[PDB]
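The structure appears right after this line, and notes come after that.
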Amino acid sequence: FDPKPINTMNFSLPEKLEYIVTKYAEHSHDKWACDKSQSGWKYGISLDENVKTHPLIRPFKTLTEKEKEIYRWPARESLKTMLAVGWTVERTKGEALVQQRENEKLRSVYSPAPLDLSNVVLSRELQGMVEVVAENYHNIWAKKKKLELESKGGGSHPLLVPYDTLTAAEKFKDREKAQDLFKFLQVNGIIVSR
């Protein structure tokens with residue numbers, strides 16, 4: 001097994017797609033914070049497990065640039081991957097929706113409640129594309145593990161095997177990461193096609 005990640009060198013996102021990256025970053029953050037809140041955590045100045053306070057339970061706009069970038073980075077690289085493997089990533093003539101959603105969020109008459117992507121449909125085409133992206137995430141991890149093992153004088157790891165040989169539970173996080181992004185694109189005015 002010799003995993004080869006899709007190489008993104010020399011691809012750059014246009015500004016319109018970088019903007020979608022930032023929207024998805026905010027989505028990922030609100031998702032994280034919503035889940036944390038449900039688990040019994042709340043904002044505090046200090047992180048304290050005993051009282052369940054976490055300073056990151058606050059609006060995305062109030063995160064540091066570095067804290068924002070932590071959420072942007074994987075989405076940016078995922079979109080570059082789509083371009084590198086040869087797919088088209090373009091705006092649909094959904095052109096008003098992102099702005100309408102932002103205006104609605106701001107209308108008054110921090111409690112995160114991000115889009116529920118369980119209600120978003122993926123064509124059979126897009127489901128096949130999900131699998132390509134999920135396999136690539138596995139290959140990135142696997143190449144990292146192979147190099148790590150080689151740095152240690154060799155050795156084995158049970159998950160250093162092709163994606164298709166993994167169990168469903170073993171594929172789940174990579175599949176979820178791929179599915180979530182495609183579903184977000186679907187309802188943020190972006191179409192990815194072969």
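Chain labels run A, B, ... following the order of the structure tokens; each chain numbers its residues from 1, and ligands are numbered from 1 in the order shown.
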
Write out as a Markdown table the residues of region 99-192 of chain A that have any atom within 12 Å of an atom of region 74-85 of chain A, one row each with the nearest atom pair and its distance in Å to one decimal, counting only C-alpha atoms, sorted by chain and then rising number.
```
| residue | atom | partner | partner_atom | distance |
| --- | --- | --- | --- | --- |
| A:126 | CA | A:82 | CA | 11.8 |
| A:129 | CA | A:82 | CA | 9.1 |
| A:130 | CA | A:82 | CA | 10.4 |
| A:132 | CA | A:85 | CA | 9.4 |
| A:133 | CA | A:78 | CA | 7.8 |
| A:134 | CA | A:78 | CA | 10.1 |
| A:135 | CA | A:81 | CA | 11.9 |
| A:136 | CA | A:81 | CA | 8.8 |
| A:137 | CA | A:78 | CA | 9.0 |
| A:140 | CA | A:81 | CA | 11.6 |
| A:174 | CA | A:78 | CA | 11.7 |
| A:177 | CA | A:75 | CA | 9.4 |
| A:178 | CA | A:78 | CA | 8.3 |
| A:179 | CA | A:78 | CA | 11.5 |
| A:180 | CA | A:75 | CA | 10.4 |
| A:181 | CA | A:75 | CA | 7.6 |
| A:182 | CA | A:79 | CA | 9.8 |
| A:184 | CA | A:75 | CA | 10.9 |
| A:185 | CA | A:79 | CA | 10.3 |
| A:190 | CA | A:79 | CA | 11.3 |
| A:191 | CA | A:82 | CA | 11.6 |
| A:192 | CA | A:82 | CA | 8.2 |
```

**Report entry** Shell around residue 3 (chain A) at 10 Å using only C-alpha atoms, local window under 3 positions removed, as a ChimeraX atom specification
**Finding:** /A:6,135-136,138-144,146,160-163

Query raised in the report: Between CA of residue 33 (chain A) and CA of residue 62 (chain A), what is the spacing in Å?
Result: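 According to the coordinates, CA of residue 62 (chain A) and CA of residue 33 (chain A) are separated by 13.4 Å.
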
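Counting only C-alpha atoms and comparing A:116, A:104, A:95, A:15, the residue that lies closest to residue 27 (chain A) is A:116.
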
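DSSP annotation of region 53-141 of chain A from backbone atoms: strand (DSSP E) residues are residues 88, 89, 90 and 91 of chain A.
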
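For the residues A:88, A:186, A:123, A:38, ranking by smallest atom-to-atom distance to residue 24 (chain A) using only C-alpha atoms places A:186 first.
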
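If you measure from each of A:172, A:90, A:159, A:49 to residue 13 (chain A) using only C-alpha atoms, the closest one turns out to be A:90.
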
Report task. Could you give me, as an MDAnalysis selection string, each residue of region 13-121 of chain A that DSSP assigns to alpha helix (DSSP H) when run on this structure's backbone? Result -> chainID A and resid 15:38 65:84 97:106

Could you list, with a cut-off of 12 Å and counting only C-alpha atoms, the residues of region 92-130 of chain A near region 41-45 of chain A, each shown with its nearest atom pair and the distance in Å rounded to one decimal, rows sorted by chain and ascending number, as JSON lines?
```
{"residue": "A:110", "atom": "CA", "partner": "A:43", "partner_atom": "CA", "distance": 9.0}
{"residue": "A:111", "atom": "CA", "partner": "A:42", "partner_atom": "CA", "distance": 10.1}
{"residue": "A:112", "atom": "CA", "partner": "A:42", "partner_atom": "CA", "distance": 11.5}
```

N, CA and C atoms of the current selection, written as a short mmCIF file (atom, residue, chain, number, x, y, z; two decimals), in the first residue's frame:
```cif
data_model
loop_
_atom_site.label_atom_id
_atom_site.label_comp_id
_atom_site.auth_asym_id
_atom_site.auth_seq_id
_atom_site.Cartn_x
_atom_site.Cartn_y
_atom_site.Cartn_z
N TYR A 110 -24.99 34.94 22.36
CA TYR A 110 -24.65 34.04 21.24
C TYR A 110 -25.34 32.72 21.46
N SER A 111 -26.19 32.35 20.51
CA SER A 111 -26.85 31.05 20.56
C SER A 111 -26.74 30.39 19.20
N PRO A 112 -25.70 29.55 19.01
CA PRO A 112 -25.47 29.00 17.68
C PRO A 112 -26.58 28.04 17.27
#
```

Query raised in the report: A:157, A:175, A:125, A:187: which is nearest residue 97 (chain A), counting only C-alpha atoms?
Result: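 When distances to residue 97 (chain A) are compared using only C-alpha atoms, the smallest one comes from A:187.
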